[PDB]
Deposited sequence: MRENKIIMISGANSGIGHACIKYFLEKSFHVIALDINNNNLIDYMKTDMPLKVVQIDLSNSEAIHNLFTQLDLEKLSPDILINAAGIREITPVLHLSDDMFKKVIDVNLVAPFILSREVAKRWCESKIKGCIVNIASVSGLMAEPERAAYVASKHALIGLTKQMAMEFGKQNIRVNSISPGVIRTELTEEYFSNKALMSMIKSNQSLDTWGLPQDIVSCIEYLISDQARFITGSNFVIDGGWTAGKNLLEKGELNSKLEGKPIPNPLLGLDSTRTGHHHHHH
C-alpha cells in the first residue's frame, strides 16, 4: 500500500485529500497544527513553521520505520494585510510555512527515497499568486513564486533517481458583490472546489504522470489567461 504524507490536512485542499485517498486504499500521514476536523490514518499535530518540530517528526518516523512514498505540500497561510503593516515576523512566518516547510519536508523524503531506491513523487500546492501578483499579499505572492521555483529545481535535482516533483496552482477555490469581482477576473462563471485540485493531485501521482516533472498545473477558471 502506497504511503502518502499530506500537510495542511485539517482544512481545505489537504483535508479533501484525506478522505479521498483513504477511500482509494492509501496509507495516510496527515500533518497539521490543528486536528479538530480529523482507517490507516496517522494524524500528527505539528507547527510546520518550526523546523525543529519537523526534524523531531522525522526522527519519530525513522524509529517507526515509516517513510512516505508521496508528499503533498498543501499547508499554506495567506496574510491579508497591507504591505506597510506587514511585520518582519509575519513575512517570515508566511515564508516558513509556504516555502521552508515544503523545502525541508521534500529534502527529508527525497533523502530516504534516494537511499532506498524508491521512485517517490512530490506535489506542491502553490497558487495563481505564484505567477501573478495581488495587492496586500507581499509574503503570499513571494512565497508562492518561490515554491514554483523550488518545484522546478528539485525536479532537476532528483530526476535521475526517478523522483518527480510538480506543482499545482489553484485559482479561487471555495473552502473554510465579491462573487461579481471573482467572476469578472475569471473566464468561467463557476467556483473552483477542492475536488478540482484533488483530481489533479491524483493524476500527478499516477503512473500516467511518469513523464511529468518540474511542471506547474494551473487550475484557475481562467484567472491567469489575461485581463
{"item": "Stretches with no C-alpha atoms in the model, relative to the deposited sequence starting at 1", "value": "1 to 3, 42 to 48, 187 to 195, 247 to 282"}
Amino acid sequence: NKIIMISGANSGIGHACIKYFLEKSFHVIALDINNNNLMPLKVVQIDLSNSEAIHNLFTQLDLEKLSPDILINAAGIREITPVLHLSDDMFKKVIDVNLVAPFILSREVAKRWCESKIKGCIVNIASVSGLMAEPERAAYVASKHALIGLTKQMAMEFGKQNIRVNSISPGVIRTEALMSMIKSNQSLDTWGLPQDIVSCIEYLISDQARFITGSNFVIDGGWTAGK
From here on, numbers count along this sequence of modelled residues.
| property | result |
| --- | --- |
| Residue range whose averaged C-alpha B-factor is higher in the record, 157 to 165 or 185 to 193 | 185 to 193 |
| 23 to 31 versus 56 to 64 - which carries the larger mean C-alpha B factor in the record | 23 to 31 |
| Residue, from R107, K92, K117, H145, that the PDB entry assigns the highest Cα B-factor | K117 |
| Among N98, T81, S129, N124 - the residue whose C-alpha B-factor is largest in the record | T81 |
| Lowest, middle or highest third - CA B-factor, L41 | highest |
| Third of the chain, ranked by Cα B-factor, where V198 sits | middle |
| B-factor third for the C-alpha atom of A75 within its chain | middle |
| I18, C-alpha B-factor rank within chain (lowest, middle or highest third) | highest |
| Modelled-residue ranking by C-alpha temperature factor, third containing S206 | middle |
